[PDB]
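Heads up, the chain below is alone and in the form deposited in one PDB entry; it's given as structure tokens.
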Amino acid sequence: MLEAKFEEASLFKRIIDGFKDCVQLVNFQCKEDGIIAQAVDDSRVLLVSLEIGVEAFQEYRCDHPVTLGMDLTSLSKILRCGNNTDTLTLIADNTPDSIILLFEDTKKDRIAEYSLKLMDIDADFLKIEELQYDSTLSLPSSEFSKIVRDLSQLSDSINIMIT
């Protein structure tokens, strides 16, 4: 019985960007301690994995795990109704057929109820992270962003070297 409220629909709008552009569907496991989501790209070379804690919502309540597989392309449409700083709220029932999305902004200003019809997607969660990796680096995300962006002009295959 899920009711999960983002203080600003921008966030979730952003997160779904990550999946869009490289994966069609995604199961969304809701739990009493939050949401996590896994999707594998089509060529099984890329796995997108998402974890969202209770502390990330304005309010969160989900006294029962529930899974919501959904069409991302569908869901994003619904997310354009977003305006970016409105209060988004996901809601679901015991056995869910539709998840309801619910925007509303400053006051009673405006309110907009949407439903996304859910689909049966088979849950094959992967746990592929290793304990030890040869190498680890952090760096400004837009620096990285820039590099990948430039070298993509020259070549289909960027190659990384650390020494």
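Throughout, rigid core stands for the largest set of C-alpha atoms superposing within 1.5 Å between the two forms. Throughout, we count residues from 1 along the sequence that is shown. Shifts are known only where both forms have a C-alpha.
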**Request:** With reference to the PDB entry, specify whether the mean Cα temperature factor is higher for 130 to 138 or for 113 to 121.
**Result:** 113 to 121
**Request:** Report the stretch with the higher mean CA temperature factor, choosing between 36 to 44 and 101 to 109 on the basis of the entry.
**Result:** 101 to 109
**Asked** Based on the entry's values, in what third of the chain does the Cα temperature factor of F19 lie: lowest, middle or highest?
**Response** highest
**Prompt:** Where does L11 sit by CA temperature factor within its chain: lowest, middle or highest third?
**Reply:** middle
**Request:** Using the B-factors in the PDB entry, rank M1's C-alpha atom against the chain and give the third, lowest, middle or highest.
**Result:** highest
**Request:** Compare the C-alpha B factor of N94 with those of the other modelled residues in its chain, then answer lowest, middle or highest third.
**Result:** highest
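The following text describes the form deposited in another entry, which does not appear among the structures shown.
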**Item:** Rigid core superposition between the shown form and the other one: residue from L137, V45, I111, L126 with Cα shift of 2 Å or more
**Value:** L126
**Message:** Where the Cα shift reaches 2 Å or more for at least three residues in a row, which ranges qualify between the shown form and the other one on a rigid core fit?
**Reply:** 124 to 131
